[PDB]
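Notes for the one structure printed next.
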Amino acid sequence: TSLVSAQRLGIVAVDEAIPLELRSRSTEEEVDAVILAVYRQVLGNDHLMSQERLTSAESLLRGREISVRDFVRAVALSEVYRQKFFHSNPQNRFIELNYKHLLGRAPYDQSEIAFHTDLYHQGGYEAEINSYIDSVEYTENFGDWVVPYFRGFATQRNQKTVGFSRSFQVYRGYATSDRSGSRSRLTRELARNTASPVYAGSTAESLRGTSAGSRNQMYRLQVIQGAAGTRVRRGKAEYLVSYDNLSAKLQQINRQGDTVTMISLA
Amino acid sequence: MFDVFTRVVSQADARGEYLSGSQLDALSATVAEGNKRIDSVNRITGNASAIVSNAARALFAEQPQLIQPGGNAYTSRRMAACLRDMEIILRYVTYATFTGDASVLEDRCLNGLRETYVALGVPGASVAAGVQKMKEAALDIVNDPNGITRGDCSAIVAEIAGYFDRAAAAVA
Amino acid sequence: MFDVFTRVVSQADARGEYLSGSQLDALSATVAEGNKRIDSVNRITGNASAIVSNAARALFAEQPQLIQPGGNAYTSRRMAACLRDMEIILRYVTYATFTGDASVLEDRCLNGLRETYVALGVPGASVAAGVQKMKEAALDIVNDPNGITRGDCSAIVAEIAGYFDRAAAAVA
Amino acid sequence: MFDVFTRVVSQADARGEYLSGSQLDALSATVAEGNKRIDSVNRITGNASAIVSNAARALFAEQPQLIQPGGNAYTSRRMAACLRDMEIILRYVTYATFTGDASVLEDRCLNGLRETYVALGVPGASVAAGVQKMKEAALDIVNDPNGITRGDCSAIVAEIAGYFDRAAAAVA
Amino acid sequence: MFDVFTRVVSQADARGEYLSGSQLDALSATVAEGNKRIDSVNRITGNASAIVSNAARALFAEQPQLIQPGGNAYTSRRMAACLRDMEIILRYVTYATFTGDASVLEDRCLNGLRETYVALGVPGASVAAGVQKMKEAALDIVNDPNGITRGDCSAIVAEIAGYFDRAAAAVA
Amino acid sequence: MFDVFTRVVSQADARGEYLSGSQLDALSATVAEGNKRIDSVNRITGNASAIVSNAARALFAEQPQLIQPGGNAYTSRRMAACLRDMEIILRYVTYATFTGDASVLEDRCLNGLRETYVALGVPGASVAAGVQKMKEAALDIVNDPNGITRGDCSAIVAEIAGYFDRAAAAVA
Amino acid sequence: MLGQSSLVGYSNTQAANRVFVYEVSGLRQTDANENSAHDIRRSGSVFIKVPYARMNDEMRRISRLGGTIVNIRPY
Amino acid sequence: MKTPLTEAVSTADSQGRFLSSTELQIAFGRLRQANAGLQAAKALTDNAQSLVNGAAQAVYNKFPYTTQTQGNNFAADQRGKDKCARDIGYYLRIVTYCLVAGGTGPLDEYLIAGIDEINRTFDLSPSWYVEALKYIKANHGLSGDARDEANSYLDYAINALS
Amino acid sequence: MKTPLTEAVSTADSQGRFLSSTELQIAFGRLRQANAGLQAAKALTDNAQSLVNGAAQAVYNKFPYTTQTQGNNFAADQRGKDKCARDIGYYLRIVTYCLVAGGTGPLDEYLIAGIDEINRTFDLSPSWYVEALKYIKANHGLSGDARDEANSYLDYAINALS
Ligand SMILES: *[C@@H](C)[C@H]1/C(=C/c2[nH]c(/C=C3N=C(/C=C4\NC(=O)C(CC)=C4C)C(C)=C\3CCC(=O)O)c(CCC(=O)O)c2C)NC(=O)[C@@H]1C
Ligand SMILES: *[C@@H](C)[C@H]1/C(=C/c2[nH]c(/C=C3N=C(/C=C4\NC(=O)C(CC)=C4C)C(C)=C\3CCC(=O)O)c(CCC(=O)O)c2C)NC(=O)[C@@H]1C
Ligand SMILES: *[C@@H](C)[C@H]1/C(=C/c2[nH]c(/C=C3N=C(/C=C4\NC(=O)C(CC)=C4C)C(C)=C\3CCC(=O)O)c(CCC(=O)O)c2C)NC(=O)[C@@H]1C
Ligand SMILES: *[C@@H](C)[C@H]1/C(=C/c2[nH]c(/C=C3N=C(/C=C4\NC(=O)C(CC)=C4C)C(C)=C\3CCC(=O)O)c(CCC(=O)O)c2C)NC(=O)[C@@H]1C
Ligand SMILES: *[C@H](C)[C@H]1/C(=C/c2[nH]c(/C=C3N=C(/C=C4\NC(=O)C(CC)=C4C)C(C)=C\3CCC(=O)O)c(CCC(=O)O)c2C)NC(=O)[C@@H]1C
Ligand SMILES: *[C@H](C)[C@H]1/C(=C/c2[nH]c(/C=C3N=C(/C=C4\NC(=O)C(CC)=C4C)C(C)=C\3CCC(=O)O)c(CCC(=O)O)c2C)NC(=O)[C@@H]1C
Ligand SMILES: *[C@H](C)[C@H]1/C(=C/c2[nH]c(/C=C3N=C(/C=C4\NC(=O)C(CC)=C4C)C(C)=C\3CCC(=O)O)c(CCC(=O)O)c2C)NC(=O)[C@@H]1C
Ligand SMILES: *[C@H](C)[C@H]1/C(=C/c2[nH]c(/C=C3N=C(/C=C4\NC(=O)C(CC)=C4C)C(C)=C\3CCC(=O)O)c(CCC(=O)O)c2C)NC(=O)[C@@H]1C
Ligand SMILES: *[C@H](C)[C@H]1/C(=C/c2[nH]c(/C=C3N=C(/C=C4\NC(=O)C(CC)=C4C)C(C)=C\3CCC(=O)O)c(CCC(=O)O)c2C)NC(=O)[C@@H]1C
Ligand SMILES: *[C@H](C)[C@H]1/C(=C/c2[nH]c(/C=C3N=C(/C=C4\NC(=O)C(CC)=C4C)C(C)=C\3CCC(=O)O)c(CCC(=O)O)c2C)NC(=O)[C@@H]1C
Ligand SMILES: *[C@H](C)[C@H]1/C(=C/c2[nH]c(/C=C3N=C(/C=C4\NC(=O)C(CC)=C4C)C(C)=C\3CCC(=O)O)c(CCC(=O)O)c2C)NC(=O)[C@@H]1C
């Protein structure tokens, strides 16, 4: 997005990112940069140890034996990818990680969760992973030579609006990685076809004045509430409370049977 | 998505019963007015660029702070995004008009748009005002009596206006 | 995931000391229990389709409302997803039995299953009832005395029963 | 919240029929274990302070970075908050033991606790380690065979172990 | 909030260290600057209404679109809100100058102000322009040589400038 | 991101006004400082490995809980990740020095870093302590008068110190 | 001619342990790739190494984009 | 959910373009077909009970072993016969939905997807349902456009099962 | 953080008013005290090691049972002695912070709040820490304003513990 929304949302680096294309007759440093970009984006910005590097796959990429898409596929099918994104993760979290790493976006629909779940159950991890890389979406956006990059913050064709909002649930910042087993943030949002408010970068903070307590910190409590007292006006509720009233607010939410969806510093 | 027929179909399967005579006659009534629905879709489409541009000009005239430097419509990139959002909303309104159901408009366009605009800082009230101007314009083309067979399109006009109301409610 | 051995290893590495003698003898006792562990895994695996189908049949018999139109197991795809869920739960129970540790069952299957079900409207209590049906069906299969070397498999049966209960508790 | 009886009542009421003979017998079996359940609750309650203090000492010994300056348990105010959190988890685990159902622990203690610890910078993994320490001490105290009518309390001990695992899994 | 002394204290406590000789010497240097800091606070406070009023008049004179009908400063309530905002920014700048730390300005005033302004359509750039007007107006008042002991106030002028620029950066 | 020139350019474009004489003169003054800014970047870069290694050694000597088993800098992978974080922070501080603006730190290096450290359980205060060690070493290297043209580099050193402090406050 | 180590999936199907080289020509701008973010760099003979299990996909991909499969050779 | 209108919008939205004359002709084709589809569904609905019982009887006739062999998957008792009649009624009802919808979308969404898993895990022969669908074809008594569209849905189900 | 300046700003901010002469006099009083506080902090810091060791010995002398009775809460072993010296060092360091800050704010935020829950949970006698603070009072060697302000913080800790 433009700068004025980008600084607020903390997506300036994503907006100014340039797609990396491995051209013909590329030099050694270009292949090095392409390999580094693939490792950064497919492995979700983890500190990749040299012992976890795919030496044979990057050799084939260097020697023009395979394309960038094939190297992306080799990294995605690698046991390193399995260990940090599949073997200790629930299936819904795993496929949103696949969507972020391979297509650069958040899941659009619960049917996309229904897909890749049956596909896993019928054809294994390899077929399920190949679905993303062989998809029509991967071909027009990245092709055989462009490193995949995150696209959820920009308006795409055949895109649902929720994708942009849901993007901030899967991209938590430039200095973030997908490293810690964790559950998806999009489960209820995808299942019930909703959208969650975006609280990223500086968007989450709210005015404090003299209303915040001793340590001048407000917390936003997003809860799901029903009538258990006073009339409930909305199913969704947001509560801004100081630190000193955080335990009391939590306990009275608990005794009303209200489900807490999120707590963030505001 | 859902169209006017599949909505009744999905409700009937959940109840696990055949469509009754009344529902079948309601859908027969719906396909009786199918030609007017096609005309309205075609008429909005043929003047989509004029609808978007005239509504944007009116919106920037009534709200000069959008195009004022520092405004959210200032700079070519933001102005281009704004005109694209107007065209996008209009396109999805036509999609909902075509299908006879609002599912395409909600699921693909309207759901998540308020949060997106709040996160972007796009003024939802200004976008809602722009959608009313497109609504006002698009009903004038849809209700234009010149060069079309005479008939009563009040029902389809109300349906189109309802879709535009959903859009305006969603952005704000 | 962890197995019965790596679980002790990870705790020891975090504490930064070698496994004590007692931990080594405990793992050796697990080793002496290994053939019966493999037999139980093989027996549940060999009857897995029968286990899932019979448990599902019994579950739909006492809960006709699952398969009633509008029910959560109605329509072919939902019913197939339901049978898949039974099969998935049974498979990770066998994985947990094989490893001697519940981490694969917890991380891959049970983590997030409850709120997935709650979000989607899949009745977790009914899933728990189905898992309980697979429980005794598989425990009779594991404890079947003919065509196997005799011995006490009560400890293995208790461990497999615990995995099934953990799954039943997680989905509800 | 639900207790062991109201849990199956809630499941039956959704399904709209009476508790079957099997469900009533399972509940009578729960009634037959009630004395042991009251003993386990009583034994943990009588040693709550010992459990909390010993678990905290073991945790800060194994994870010294919690109590060095700049650590999250450093300063008296944060150490007291941490001891209070040990106390709150143990108390709600006993509530779950008393009711025979994990709903009180989930709805009143674990509801939003991981998100709360993330928002505050409290290390959830270290909270889970402390809960695991409380678990081992409490299960030992419940299994102590001195000064009590002897009997097999493995089922209630397994149930209590499950509540502690739920707490440890929710915080981390 | 922090003042100039407790900011250094909090950093030391996080490190678990006594203040070094250089930090105590730096604190002694800012103690020797305390009289000048009090004069700056006194001079801005004693001219606060004039600073706000002249800055606001200049801002609308150079940005007439704010006070034109439909503009964000149009109507007496929004005009009053704008003036109040100016006085609020200036007051927290004096708080920060008094304390010697921007924590009070950042935590109580600036945090979330940009989100509020974006959500309301308050143009942050013109708020930043208005704060910039209060900036040199207050800096010339602090630097007025008449009726005060002569001495170099360059450090305190630079610090107050930083608080003003920090407020301007937050709103824009 | 912005450099020292585009920062005032973006501010001016939001105001929709040309850069005034004072802004242009301030930028010219920044240009006369450019050689020393390039020298500071070059000196930190040429000693980056020594800065990281010495700072890490000092940090682990002061906080030995990090490197003992179970600590967050224990194991080679975790230690190498810690070393990479130190080098990455130093690299982005050089970027900020080179550009004259802090936006590269907020946009990239500190964008979600605190969230990352809380999620993984990395002690942020220890990271802030490590950043301070790199701060004192890098400022000493920049201020070394041997083998360079003599001059006053206090302003660039103060700016570099601000970048280091902002990184430390981002994680503390 | 290398590649089979990484192109063939880690599944040990004997059928899947077969890769083939596709020669494609005339990769034009068509209505199928109007919204392609990347641009076509070569329209002459390009060589794509395809494992057996993806030959169904790739030829479809080639056929939507106007490419002419002129030859297919065992690796 | 494959219907002419939803697919026209799906295609247009996938190309990010407004509905042109191509989509208008799609809607025109849906309009020409809709009345025949609606009369087809009504005729099947009014004749649903005789069609379902006759289809069940035809399957029992062609596969007599279904009525004396004991087993959960067979109809030798009343419970199996009830399940058989219910399944054929599901087939008949979802076909009427396709006639209402104008495409195989109801069949794809509600019946076709996962039917292979179901017939295998509960060892139901798809040949039973093929004969049931064949009986409905031979005895629905539709003519013209209604018959053609209804037979296409019934043949779509048959080809899915075979 | 209870400091003259932060509290002055806080009171003014709740009334929403600018800093008047009252807040300026608070700042003037803070300035009058601050240099003495800074030298008090420097003297305590330079003598910190002997003060902490001497305070620990005074507690061990007054309560000999702490060095000879087994238990986690006592200092009969090296682990307990290290914890004790660390606690007294914590006390001394936060007292220097108070002298720097000009108020009991560091003691309140870092040490005083929750200390009674600590001493109860870990069966630590507050009398031990009172004796340590009394030793520090008697041995810091400060005079004048430095002594008065430092004794105020040390007596504040003593009164909290008793
Ligand atoms: C309200 C929407 C306006 C209106 C509409 C209206 N149209 C018709 C009739 C027809 N219009 C069409 C449409 C098309 N034929 C084409 O080939 C194309 C391009 C693909 C289009 C858009 C058709 C086929 C008909 C039927 C034949 C005819 O020419 O009349 C009617 C008459 C009733 C009907 O439903 O057919 C009406 C009412 N008329 C108005 O007064 C409104 C301004
Ligand atoms: C596992 C938990 C341990 C265990 C328990 C156990 N307890 C009983 C029996 C009883 N205990 C009580 C308890 C109480 N009486 C009181 O007045 C109070 C205070 C309110 C308490 C806590 C009672 C009433 C009984 C029944 C009479 C009796 O004294 O025996 C049993 C016996 C079986 C039963 O269910 O009655 C058992 C097994 N025994 C062990 O070995 C574990 C270490
Ligand atoms: C830059 C800020 C200007 C400046 C300041 C300056 N002030 C002093 C000295 C004093 N100022 C005061 C202030 C007050 N006394 C009061 O009773 C009140 C009301 C509560 C106030 C605000 C005091 C007490 C002093 C010291 C005694 C004296 O009056 O001289 C100095 C002198 C050096 C010093 O810091 O003590 C300076 C430099 N001088 C300028 O030229 C700037 C325009
Ligand atoms: C504070 C930063 C220290 C300092 C710096 C300083 N440097 C110069 C002058 C120059 N430095 C350079 C730099 C380079 N030339 C190269 O080719 C390379 C490698 C690409 C570098 C880094 C240049 C070009 C100059 C100008 C020529 C000259 O040598 O004078 C100055 C002098 C003032 C100026 O701005 O030129 C200063 C002050 N000096 C100190 O004492 C600090 C330790
Ligand atoms: C070292 C001083 C301390 C420490 C560090 C530590 N960090 C991690 C893990 C990560 N560090 C980062 C940070 C970045 N990655 C980037 O790309 C950027 C530039 C924008 C930054 C700032 C991230 C994202 C991670 C996540 C994991 C990853 O592998 O990338 C670890 C590893 C933790 C673990 O392995 O579980 C560690 C150890 N730890 C200490 O104890 C020191 C105080
Ligand atoms: C114009 C009337 C108003 C306006 C608009 C504006 N919008 C954006 C940015 C985006 N718009 C969307 C919306 C969609 N994307 C889709 O794919 C769909 C269809 C399903 C929709 C509805 C999104 C997601 C964005 C952000 C991503 C992108 O820009 O591509 C902007 C730009 C904001 C910025 O800072 O760049 C603008 C300006 N702004 C006004 O002031 C008008 C009132
Ligand atoms: C059958 C006994 C009950 C039932 C099941 C049912 N489940 C779903 C949907 C999902 N189930 C899961 C769970 C998993 N998928 C995995 O891949 C893993 C293993 C790693 C697990 C644990 C998920 C993620 C879903 C959602 C995605 C999907 O649709 O497949 C459904 C479908 C719900 C819907 O269509 O909305 C059903 C029907 N339903 C019952 O009524 C039984 C009690
Ligand atoms: C101790 C094992 C670890 C630890 C703990 C720690 N927690 C907090 C702060 C809070 N803890 C809670 C949790 C609850 N409050 C309740 O009322 C209940 C029942 C619903 C629970 C479970 C809350 C809400 C807070 C914040 C508000 C409050 O304290 O009242 C802290 C303090 C953090 C801070 O002061 O900033 C600490 C230290 N820290 C560790 O390092 C241990 C692993
Ligand atoms: C004046 C230079 C510009 C301007 C201002 C303006 N602000 C508002 C509304 C609000 N301002 C605040 C800010 C604060 N409230 C506080 O308590 C504090 C301290 C923590 C601050 C900084 C808030 C919260 C509001 C909203 C609530 C309220 O109206 O009081 C308005 C009114 C907007 C509206 O539509 O009502 C205005 C006009 N507007 C300009 O055009 C100037 C450039
Ligand atoms: C009748 C042609 C033959 C027959 C039938 C029979 N069917 C079942 C069981 C099931 N039938 C279905 C089918 C569907 N469920 C749906 O939701 C839909 C889509 C809307 C369809 C087509 C399913 C899923 C089952 C299993 C679950 C259930 O019992 O409902 C049985 C019983 C099998 C069992 O093990 O209980 C039988 C007997 N039997 C014959 O002999 C006929 C030739
Ligand atoms: C020394 C005077 C006597 C003594 C000391 C002793 N203390 C502990 C344990 C703890 N001390 C504290 C105190 C603090 N922690 C803080 O962060 C601060 C504020 C900055 C204070 C004052 C705490 C929290 C503990 C418990 C946790 C920890 O170990 O840090 C012990 C050990 C008790 C135990 O059970 O482990 C001891 C021995 N013992 C004597 O005999 C002296 C007379």
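Note: Cβ is positioned from N, Cα and C throughout, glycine not excepted.
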Candidate annotated as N4-methylasparagine in Swiss-Prot, where the set is B:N42, B:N72: B:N72
Residue, out of the binding-site residues B:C82, B:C153, whose Cβ gathers the largest set of other Cβ atoms within 10 Å: B:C82
Reduced DSSP assignment, B:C82 ((2R,3E)-phycocyanobilin 1 binding site): helix
Spatial separation of B:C153 ((2R,3E)-phycocyanobilin 2 binding site) from B:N72 (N4-methylasparagine) - C-alpha basis, Å: 38
Integer Cα-Cα distance in angstrom, B:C82 ((2R,3E)-phycocyanobilin 1 binding site) to B:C153 ((2R,3E)-phycocyanobilin 2 binding site): 31
Intermolecular Cβ proximity, recorded positions B:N72, B:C82, B:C153 versus chain H, under 8 Å: none
Cβ neighbour count (within 10 Å, all chains shown) around B:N72 (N4-methylasparagine): 26
